[PDB]
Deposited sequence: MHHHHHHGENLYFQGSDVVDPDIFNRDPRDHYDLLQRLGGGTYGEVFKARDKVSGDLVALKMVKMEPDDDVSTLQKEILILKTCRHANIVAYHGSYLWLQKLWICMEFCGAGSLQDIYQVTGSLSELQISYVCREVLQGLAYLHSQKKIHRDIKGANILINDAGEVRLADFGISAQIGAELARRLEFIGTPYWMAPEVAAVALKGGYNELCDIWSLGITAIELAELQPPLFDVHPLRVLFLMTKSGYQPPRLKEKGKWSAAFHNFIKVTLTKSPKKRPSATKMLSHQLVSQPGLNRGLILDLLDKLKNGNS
């Protein structure tokens, strides 16, 4: 439910095309009037299904108006099926791409991080947290431009918090550090910086560190006292400025991890020559490789 939801059938305005992506129901679609391409995320919805999560997710997306975040074109409601209409990105995600091209070049990774940091600075300026930064959620269009997508996990966290906030009851025995986690969450937007650092390793190595480890064992490894941030594996392949970018983004203490704005001044993402031309090259490798 949304206060600007179009109360009509999206198929009156769009021609459905193929289904997109694992980890979605997302469809490529074409505006019947304009022939423009879009992406339509359909989710069937009984009237008894709780709307809280879908309500927050639409809200999070409509109040975004930034180039590095997939544009929003309204939502629909018809026939017990909700639809979210957003910008379409012809090349899909960076994960879809590197599974074909192999590891990106350092300059390509540098451009991608700058564009992601720009989007994160905008999200964090709205006090939004993405919380699922990864190769699979960084979309690339035919022009080689970078857009951030998939606010599902961000919506889930916000939905449950507001619910845990009004199902609070008697917190009069609650310690101060617990109440801070109750109201604010236990972590802040700097988690997106860490995730970006992991994504940089992912685009260099085709998987995040510890990808071959059982996920539960990973949660325990990262919570141990002596846990050390991960590092690039093939050190000789990369410059010191890239290593430092990983080191600083992967600062273990969130009280010392630089913000998105600060990172956008780092040497790796402030060097000259970073433009979508680097990704047009990557996309040509994808086509002609």
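Numbering from 1, run down the deposited sequence and write out every stretch that has no C-alpha in the structure.
Holes in the chain trace, numbered from 1: 1-18, 43-44, 310-311.
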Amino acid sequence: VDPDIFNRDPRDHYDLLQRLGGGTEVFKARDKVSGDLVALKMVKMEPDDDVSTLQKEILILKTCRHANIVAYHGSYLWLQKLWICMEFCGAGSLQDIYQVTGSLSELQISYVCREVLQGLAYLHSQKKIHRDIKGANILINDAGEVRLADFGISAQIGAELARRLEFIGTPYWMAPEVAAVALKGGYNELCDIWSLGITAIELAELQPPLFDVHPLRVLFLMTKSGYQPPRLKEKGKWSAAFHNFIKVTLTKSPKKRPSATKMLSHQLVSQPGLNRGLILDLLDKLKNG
From here on, numbers count along this sequence of modelled residues.
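Whichever C-alpha set is largest while still superposing within 1.5 Å between the two forms counts as the rigid core.
Figure out for me whether 89-97 or 174-182 is the more displaced stretch in 5 other deposited structures of this protein, taking RMS C-alpha distance from the shown form once the rigid core is superposed.
So, of the two stretches, the farther one in 5 other deposited structures of this protein is 174-182.
Higher-deviation stretch (C-alpha RMS, rigid core fit) in 5 other deposited structures of this protein, choosing from 204-212 and 144-152
After superposing on the rigid core, the more displaced stretch in 5 other deposited structures of this protein is 144-152.
Which of the two stretches, 265-273 or 10-18, shows the higher mean Cα temperature factor in the record?
Stretch with the higher mean C-alpha B-factor: 10-18.
Averaging CA B factors per stretch from the PDB record, which one is higher: 119-127 or 214-222?
Stretch with the higher mean C-alpha B-factor: 214-222.
Out of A179, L94, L107, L165, which shows the largest CA B-factor listed in the entry?
In the PDB entry, the greatest C-alpha B-factor among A179, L94, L107, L165 is found at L165.
Top residue by Cα temperature factor, when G90, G169, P209, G185 are compared in the entry:
Highest C-alpha B-factor among the listed residues goes to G169.
Against its chain's modelled residues, does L139's Cα B factor rank lowest, middle or highest third?
Tercile = lowest for this residue's CA B-factor.
Ranking every modelled residue in this chain by its Cα temperature factor as given in the entry, which third contains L250?
Answer is lowest: the recorded C-alpha B-factor places it there.
Consider only the C-alpha atoms of the modelled residues in this chain, order them by B-factor as the entry records it, and name the third containing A175: lowest, middle or highest.
For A175, whose C-alpha B-factor we compare with every modelled residue in the chain, the answer is the middle third.
State the tercile, meaning the lowest, middle or highest third, of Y227 with respect to the CA B-factors recorded for its chain.
Middle third of the chain for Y227's C-alpha B-factor.
Lowest, middle or highest third - CA B-factor, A155:
Within its chain, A155 is a highest-third residue by C-alpha B-factor, going by the deposited values.
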